[PDB]
Amino acid sequence: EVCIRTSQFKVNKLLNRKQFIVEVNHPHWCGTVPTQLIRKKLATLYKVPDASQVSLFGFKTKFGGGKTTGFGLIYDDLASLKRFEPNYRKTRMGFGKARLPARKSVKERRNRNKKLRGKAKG
Amino acid sequence: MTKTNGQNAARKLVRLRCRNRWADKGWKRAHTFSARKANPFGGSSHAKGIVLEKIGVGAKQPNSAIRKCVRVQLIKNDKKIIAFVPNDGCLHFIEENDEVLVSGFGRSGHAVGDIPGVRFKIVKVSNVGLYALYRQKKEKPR
Amino acid sequence: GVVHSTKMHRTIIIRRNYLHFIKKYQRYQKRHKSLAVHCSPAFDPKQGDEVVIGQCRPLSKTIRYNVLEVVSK
Amino acid sequence: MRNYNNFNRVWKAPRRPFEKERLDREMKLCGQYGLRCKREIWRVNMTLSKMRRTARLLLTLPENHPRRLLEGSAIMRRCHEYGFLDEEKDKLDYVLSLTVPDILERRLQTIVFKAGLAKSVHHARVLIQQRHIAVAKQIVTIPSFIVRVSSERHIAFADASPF
Amino acid sequence: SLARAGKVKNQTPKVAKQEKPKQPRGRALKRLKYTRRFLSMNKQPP
RNA sequence: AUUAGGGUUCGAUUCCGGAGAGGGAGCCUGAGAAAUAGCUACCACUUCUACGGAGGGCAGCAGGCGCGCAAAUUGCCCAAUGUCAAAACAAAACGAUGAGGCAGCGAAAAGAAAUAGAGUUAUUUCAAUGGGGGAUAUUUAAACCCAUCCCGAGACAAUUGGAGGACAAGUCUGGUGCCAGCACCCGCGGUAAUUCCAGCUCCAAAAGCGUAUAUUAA
Ligand SMILES: [K+]
Ligand SMILES: [Mg+2]
Ligand SMILES: [Mg+2]
Ligand SMILES: [Mg+2]
Ligand SMILES: [Mg+2]
Ligand SMILES: [Mg+2]
Ligand SMILES: [Mg+2]
Ligand SMILES: [Mg+2]
Ligand SMILES: [Mg+2]
Ligand code: NA
Ligand code: NA
Ligand code: NA
Ligand code: NA
Ligand code: NA
Ligand code: NA
């Protein structure tokens with residue numbers, strides 16, 4: 001029974017997307033509204049072929065309750081989303097690259113090879 | 001009468017004030033580098049030292065009493081001063097060859113009360129406050 | 001400025017006198033500054049005369065100005 | 001390091017900490033309005049002082065001056081909005097008569113008491129702190145909230161409250 | 001005269017503070033003060 | 001910072017400029033250096049060795065030792081702001097960055113605010129809950145915090161200085177007897193202490209309050 005309002009709408013043909021601010025109102029909830037529920041409702045209201053092509057982030061619940069605000073992007077294709085999205089945002093949504101090993105181990109390995117020459121290097 | 005009032009006489013007035021400013025005891029002490037040279041603390045607010053002896057200084061007239069004092073040697077500059085142990089029966093907390101923290105008495109060099117020639121005070125012994133031990137809020141280490 | 005000394009060869013010393021205002025005492029103060037100028041042979045200034053000088057490139061250790069005009073007395 | 005957030009102080013301790021005539025006058029205000037400590041009273045003294053010095057500088061030194069028409073009506077707009085001044089009075093001389101009790105009236109804790117929602121000023125304090133009171137459908141928990149005159153008729157109970 | 005150190009404090013009789021009900025804190029104490037003084041000083045018995 | 005006006009005082013420290021990299025000289029490369037996580041020599045310290053020899057420069061970031069009255073973690077990350085460059089992102093296919101960010105410790109300093117409320121005949125009746133514990137969840141690079149929702153009261157119990165005067169507040173009660181001690185100054189104590197040591201009561205500020213040293217005002 002939540003209501004979604006969209007403000008400051010713009011069309012980005014450079015990155016093949018639409019960016020807007022999404023506001024959500026509700027009367028009483030068992031905590032916070034999950035981002036997936038807003039994603040499902042946003043797809044229905046905007047009539048997109050697939051709900052897995054709208055990304056939401058940065059949600060702030062107002063003091064007193066009954067209101068949240070955030071940012072959202074709707075991509076024209078699923079391929080556009082998989083290309084222009086940051087690796088951390090797409091990791092929340094399911095499809096992301098594996099986390100690289102610890103940076104400390106890279107620094108020690110790189111410095112160790114600085115003394116060698118030719119083979120036995122990488 | 002006692003002033004120059006010319007329009008172009010700013011140089012005379014500048015020199016008159018600069019010279020007469022040395023007659024201030026407070027101003028001259030601040031602006032003289034010889035200051036804090038005779039100060040045992042060296043210009044700081046507190047100092048640490050080692051207790052070497054216990055003494056008893058009589059009170060100046062018209063008061064009759066024996067004020068319990070302690071002779072300490074500072075560590076930073078190795079000077080010798082006389083400090084005061086304020087509270088009742090607090091002499092038993094201090095022993096010889098003990099590290100103490102020393103602060104001033106309140107008048108910046110001047111002596112305080114009827115104690116003659118004493119301008120310091122003991123505020124901590126063996127890393128624990130003297131007043132904390134007096135109220136039994138802590139205990140003497142070791 | 002005013003010519004102060006002409007004891008060198010093709011060189012003079014000029015002096016600028018002004019009043020400096022001290023804000024605290026609301027009164028003035030006499031001050032002066034001395035400059036070394038190159039005197040061309042086209043001019044023959046005497047001590048006490050007024051001259052007009054103009055800035056140029058360093059011509060010596062101390063000289064940075066050149067005499068352009070001289071006013072008699 | 002390399003942080004440019006600002007901060008300042010809002011109150012000031014009084015000179016002469018043991019005036020008998022000041023000590024009892026401040027005690028009347030503290031118990032009449034339910035204030036917790038004397039720091040609340042000293043806070044109001046600071047903002048009142050800032051208002052007066054702006055007016056006194058602006059009053060007669062610059063005469064009819066572009067620096068008088070500006071921020072001469074802004075203060076009146078500011079004073080009228082919160083209710084610190086009478087509507088009829090519209091000259092900068094009449095802002096110098098503002099007193100401490102006048103500013104203390106336009107407080108959320110005081111407004112609730114005079115609106116009948118709360119029986120006593122101490123009861124009003126516990127209601128605000130309990131999130132049982134809202135202004136324009138917004139929960140307010142700060143008893144120091146200076147209620148503007150426009151929102152005077154908007155204060156009521158909270159929808160999410162049991163009351 | 002270092003022998004007489006703490007002569008008085010080590011010979012005064014020992015008494016213990018009584019147990020009393022707690023007092024209100026914060027604004028609940030200022031109202032208690034305002035109730036007594038206004039809306040009716042330390043006087044001792046003879 | 002303080003101040004009616006006139007002034008006094010501070011400025012190692014976030015932005016701008018100058019100078020330095022244990023001390024002192026000299027130089028190569030380069031558009032640009034008299035460069036120091038470049039080179040050469042000397043002086044003072046200092047490390048490994050098979051004794052032939054070869055090395056070092058934290059006033060970069062964390063960590064130690066000493067010095068003092070005096071100052072944090074040998075943590076996480078390049079997600080944001082930027083720099084460099086043979087470089088847009090994705091596709092076998094993820095540039096580096098102790099600059100910078102963000103968590104820990106941290107009553108420097110600065111804001112907001114708990115320690116209840118309404119009644120009944122002195123002694124029992126109500127309602128409200130925040131600390132706290134959890135949540136489909138939210139936040140975040142991942143965390144955290146915060147916000148939002150829900151099992152929980154009438155010990156979850158406030159301290160620090162004072163009570164002759166300056167200066168608000170006892171003619172209260174024991175103990176001591178120019179002793180112990182108090183006292184910023186004046187002054188209390190010599191067997192009836194308005195001032196010491198304690199009990200009770202009261203006063204001021206209050207999650208703060210005393211002390212010391214410098215400085216501004218007076
Ligand atoms: K980066
Ligand atoms: Mg609620
Ligand atoms: Mg200066
Ligand atoms: Mg710089
Ligand atoms: Mg370091
Ligand atoms: Mg410190
Ligand atoms: Mg850093
Ligand atoms: Mg007493
Ligand atoms: Mg009095
Ligand atoms: Na400076
Ligand atoms: Na340099
Ligand atoms: Na280095
Ligand atoms: Na790539
Ligand atoms: Na944070
Ligand atoms: Na001064």
# chains A, B, ... in the order shown; residues from 1 in each chain; ligands from 1
$ residues_near_ligand --ligand "ligand 2" --cutoff "7 Å" --atoms "only C-alpha atoms (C1' of nucleotides) and all ligand atoms" --output "ChimeraX atom specification"
/D:131,160-161
$ residues_near_ligand --ligand "ligand 7" --cutoff "10 Å" --atoms "only C-alpha atoms (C1' of nucleotides) and all ligand atoms" --output "list in words"
residues 1 of chain D; 60, 61, 98, 99, 100 and 101 of chain F
$ write_last_selection --atoms "N, CA, C and O atoms (P, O5', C5', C4', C3', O3' and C1' of nucleotides)" --output "PDB file, in the first residue's frame"
ATOM      1  N   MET D   1      42.082  17.309  10.508  1.00  0.00           N
ATOM      2  CA  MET D   1      42.906  18.071   9.582  1.00  0.00           C
ATOM      3  C   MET D   1      42.189  18.193   8.244  1.00  0.00           C
ATOM      4  O   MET D   1      41.569  17.236   7.782  1.00  0.00           O
TER       5      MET D   1
ATOM      6  P     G F  60      59.680  12.990   7.172  1.00  0.00           P
ATOM      7  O5'   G F  60      58.364  12.992   6.281  1.00  0.00           O
ATOM      8  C5'   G F  60      57.085  12.819   6.871  1.00  0.00           C
ATOM      9  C4'   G F  60      56.082  12.285   5.880  1.00  0.00           C
ATOM     10  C3'   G F  60      55.084  11.285   6.442  1.00  0.00           C
ATOM     11  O3'   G F  60      53.954  11.926   7.006  1.00  0.00           O
ATOM     12  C1'   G F  60      56.051  10.423   4.460  1.00  0.00           C
ATOM     13  P     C F  61      53.433  11.539   8.471  1.00  0.00           P
ATOM     14  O5'   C F  61      52.706  10.147   8.260  1.00  0.00           O
ATOM     15  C5'   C F  61      51.676  10.002   7.298  1.00  0.00           C
ATOM     16  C4'   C F  61      51.210   8.575   7.224  1.00  0.00           C
ATOM     17  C3'   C F  61      51.056   7.876   8.558  1.00  0.00           C
ATOM     18  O3'   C F  61      49.820   8.187   9.168  1.00  0.00           O
ATOM     19  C1'   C F  61      52.191   6.465   7.031  1.00  0.00           C
ATOM     20  P     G F  98      48.588   4.088  -0.546  1.00  0.00           P
ATOM     21  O5'   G F  98      48.882   4.982   0.734  1.00  0.00           O
ATOM     22  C5'   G F  98      48.054   6.088   1.072  1.00  0.00           C
ATOM     23  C4'   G F  98      48.384   6.624   2.443  1.00  0.00           C
ATOM     24  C3'   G F  98      49.698   7.385   2.547  1.00  0.00           C
ATOM     25  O3'   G F  98      49.576   8.383   3.557  1.00  0.00           O
ATOM     26  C1'   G F  98      49.787   5.476   3.934  1.00  0.00           C
ATOM     27  P     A F  99      50.425   9.744   3.483  1.00  0.00           P
ATOM     28  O5'   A F  99      49.993  10.420   2.112  1.00  0.00           O
ATOM     29  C5'   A F  99      48.708  10.998   1.986  1.00  0.00           C
ATOM     30  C4'   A F  99      48.619  11.965   0.835  1.00  0.00           C
ATOM     31  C3'   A F  99      47.312  12.730   0.752  1.00  0.00           C
ATOM     32  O3'   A F  99      47.263  13.847   1.619  1.00  0.00           O
ATOM     33  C1'   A F  99      47.820  11.841  -1.367  1.00  0.00           C
ATOM     34  P     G F 100      46.247  13.853   2.861  1.00  0.00           P
ATOM     35  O5'   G F 100      44.892  13.286   2.255  1.00  0.00           O
ATOM     36  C5'   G F 100      44.058  14.082   1.416  1.00  0.00           C
ATOM     37  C4'   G F 100      42.990  13.238   0.781  1.00  0.00           C
ATOM     38  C3'   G F 100      42.025  12.550   1.724  1.00  0.00           C
ATOM     39  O3'   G F 100      40.997  13.412   2.171  1.00  0.00           O
ATOM     40  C1'   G F 100      42.782  11.005   0.118  1.00  0.00           C
ATOM     41  P     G F 101      40.558  13.187   3.700  1.00  0.00           P
ATOM     42  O5'   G F 101      39.565  11.919   3.620  1.00  0.00           O
ATOM     43  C5'   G F 101      38.320  12.059   2.892  1.00  0.00           C
ATOM     44  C4'   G F 101      37.835  10.697   2.465  1.00  0.00           C
ATOM     45  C3'   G F 101      37.287   9.796   3.575  1.00  0.00           C
ATOM     46  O3'   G F 101      35.913  10.060   3.825  1.00  0.00           O
ATOM     47  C1'   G F 101      38.785   8.572   2.195  1.00  0.00           C
TER      48        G F 101
END
$ residues_around --residues "region 116-120 of chain B" --least-positions-apart "6" --cutoff "9 Å" --atoms "only C-alpha atoms (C1' of nucleotides)" --output "PyMOL selection string"
chain B and resi 57-60+69+81-84+102-110
$ closest_residue --among "C:70, C:16, C:24, C:6" --to "chain F" --atoms "only C-alpha atoms (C1' of nucleotides)"
C:24
$ residues_near_ligand --ligand "ligand 14" --cutoff "10 Å" --atoms "only C-alpha atoms (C1' of nucleotides) and all ligand atoms" --output "ChimeraX atom specification"
/F:102-103,139-140,144-146
$ write_last_selection --atoms "C-alpha atoms (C1' of nucleotides)" --output "PDB file, in the first residue's frame"
ATOM      1  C1'   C F 102      36.666   5.805   7.129  1.00  0.00           C
ATOM      2  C1'   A F 103      36.521   3.006  11.362  1.00  0.00           C
ATOM      3  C1'   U F 139      23.015   2.502   5.526  1.00  0.00           C
ATOM      4  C1'   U F 140      28.094   1.427   3.788  1.00  0.00           C
ATOM      5  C1'   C F 144      29.820   1.145  11.397  1.00  0.00           C
ATOM      6  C1'   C F 145      26.749   4.896  13.214  1.00  0.00           C
ATOM      7  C1'   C F 146      22.154   7.118  12.453  1.00  0.00           C
TER       8        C F 146
END
$ residues_near_ligand --ligand "ligand 13" --cutoff "8 Å" --atoms "only C-alpha atoms (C1' of nucleotides) and all ligand atoms" --output "PyMOL selection string"
chain F and resi 89-90+93-94
$ write_last_selection --atoms "N, CA, C and O atoms (P, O5', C5', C4', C3', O3' and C1' of nucleotides)" --output "PDB file, in the first residue's frame"
ATOM      1  P     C F  89      38.514   2.225 -18.616  1.00  0.00           P
ATOM      2  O5'   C F  89      36.969   1.858 -18.592  1.00  0.00           O
ATOM      3  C5'   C F  89      36.148   2.199 -17.485  1.00  0.00           C
ATOM      4  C4'   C F  89      34.784   1.574 -17.620  1.00  0.00           C
ATOM      5  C3'   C F  89      34.779   0.072 -17.856  1.00  0.00           C
ATOM      6  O3'   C F  89      34.858  -0.662 -16.648  1.00  0.00           O
ATOM      7  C1'   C F  89      33.379   1.128 -19.441  1.00  0.00           C
ATOM      8  P     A F  90      35.012  -2.258 -16.671  1.00  0.00           P
ATOM      9  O5'   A F  90      33.535  -2.783 -16.959  1.00  0.00           O
ATOM     10  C5'   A F  90      33.273  -4.169 -17.109  1.00  0.00           C
ATOM     11  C4'   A F  90      32.409  -4.440 -18.313  1.00  0.00           C
ATOM     12  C3'   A F  90      32.822  -5.632 -19.161  1.00  0.00           C
ATOM     13  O3'   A F  90      32.329  -6.852 -18.643  1.00  0.00           O
ATOM     14  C1'   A F  90      32.390  -3.767 -20.555  1.00  0.00           C
ATOM     15  P     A F  93      38.791 -12.921 -16.908  1.00  0.00           P
ATOM     16  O5'   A F  93      39.461 -11.504 -17.189  1.00  0.00           O
ATOM     17  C5'   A F  93      40.877 -11.368 -17.259  1.00  0.00           C
ATOM     18  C4'   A F  93      41.293 -10.034 -17.832  1.00  0.00           C
ATOM     19  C3'   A F  93      40.524  -8.823 -17.305  1.00  0.00           C
ATOM     20  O3'   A F  93      41.417  -7.718 -17.170  1.00  0.00           O
ATOM     21  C1'   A F  93      40.340  -8.919 -19.659  1.00  0.00           C
ATOM     22  P     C F  94      42.198  -7.482 -15.785  1.00  0.00           P
ATOM     23  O5'   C F  94      41.698  -6.052 -15.292  1.00  0.00           O
ATOM     24  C5'   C F  94      40.347  -5.644 -15.472  1.00  0.00           C
ATOM     25  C4'   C F  94      39.945  -4.604 -14.456  1.00  0.00           C
ATOM     26  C3'   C F  94      41.058  -4.160 -13.511  1.00  0.00           C
ATOM     27  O3'   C F  94      40.893  -2.780 -13.180  1.00  0.00           O
ATOM     28  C1'   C F  94      39.283  -5.096 -12.261  1.00  0.00           C
TER      29        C F  94
END
$ residues_near_ligand --ligand "ligand 12" --cutoff "12 Å" --atoms "only C-alpha atoms (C1' of nucleotides) and all ligand atoms" --output "JSON, numbers by chain"
{"F": [21, 36, 37, 56, 57, 58, 59, 60, 61]}
$ atom_distance --atom1 "CA of residue 103 (chain A)" --atom2 "CA of residue 121 (chain A)"
18.5 Å
$ interface_residues --of "chain E" --to "chain F" --cutoff "8 Å" --atoms "only C-alpha atoms (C1' of nucleotides)" --output "count of residues only"
23
$ select_by_dssp --residues "chain E" --states "alpha helix (DSSP H)" --output "list in words"
residues 27, 28, 29, 30, 31, 32, 33, 34, 35, 36 and 37 of chain E
$ write_last_selection --atoms "C-alpha atoms" --output "compact mmCIF listing (two decimals), in the first residue's frame"
# COMPACT_ATOMS: atom_id res chain seq x y z
CA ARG E 27 14.08 19.44 36.14
CA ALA E 28 12.34 17.35 38.81
CA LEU E 29 14.64 18.90 41.44
CA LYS E 30 14.27 22.53 40.34
CA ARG E 31 10.49 22.19 40.67
CA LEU E 32 11.04 20.90 44.21
CA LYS E 33 13.09 24.01 44.99
CA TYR E 34 10.58 26.35 43.35
CA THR E 35 7.75 24.74 45.32
CA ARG E 36 9.27 25.56 48.72
CA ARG E 37 10.75 29.04 48.24
$ residues_around --residues "residue 48 (chain C)" --least-positions-apart "6" --cutoff "9 Å" --atoms "only C-alpha atoms (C1' of nucleotides)" --output "list in words"
residues 2, 3, 4, 5 and 73 of chain C
$ closest_residue --among "F:55, F:32, F:7, F:68" --to "chain B" --atoms "only C-alpha atoms (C1' of nucleotides)"
F:68
$ closest_atom_pairs --of "chain C" --to "chain F" --cutoff "12 Å" --atoms "only C-alpha atoms (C1' of nucleotides)" --output "JSON lines"
{"residue": "C:23", "atom": "CA", "partner": "F:6", "partner_atom": "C1'", "distance": 10.4}
{"residue": "C:24", "atom": "CA", "partner": "F:6", "partner_atom": "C1'", "distance": 8.1}
{"residue": "C:25", "atom": "CA", "partner": "F:6", "partner_atom": "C1'", "distance": 9.8}
{"residue": "C:26", "atom": "CA", "partner": "F:6", "partner_atom": "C1'", "distance": 10.8}
$ write_last_selection --atoms "N, CA and C atoms" --output "PDB file, in the first residue's frame"
ATOM      1  N   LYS C  23      48.910  55.971  12.997  1.00  0.00           N
ATOM      2  CA  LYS C  23      47.478  55.911  13.272  1.00  0.00           C
ATOM      3  C   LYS C  23      47.174  56.101  14.753  1.00  0.00           C
ATOM      4  N   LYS C  24      47.984  55.507  15.634  1.00  0.00           N
ATOM      5  CA  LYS C  24      47.657  55.520  17.057  1.00  0.00           C
ATOM      6  C   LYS C  24      47.680  56.931  17.627  1.00  0.00           C
ATOM      7  N   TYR C  25      48.699  57.713  17.292  1.00  0.00           N
ATOM      8  CA  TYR C  25      48.852  59.057  17.828  1.00  0.00           C
ATOM      9  C   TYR C  25      48.223  60.125  16.947  1.00  0.00           C
ATOM     10  N   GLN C  26      47.711  59.752  15.774  1.00  0.00           N
ATOM     11  CA  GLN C  26      47.020  60.676  14.873  1.00  0.00           C
ATOM     12  C   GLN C  26      47.906  61.851  14.475  1.00  0.00           C
TER      13      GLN C  26
END
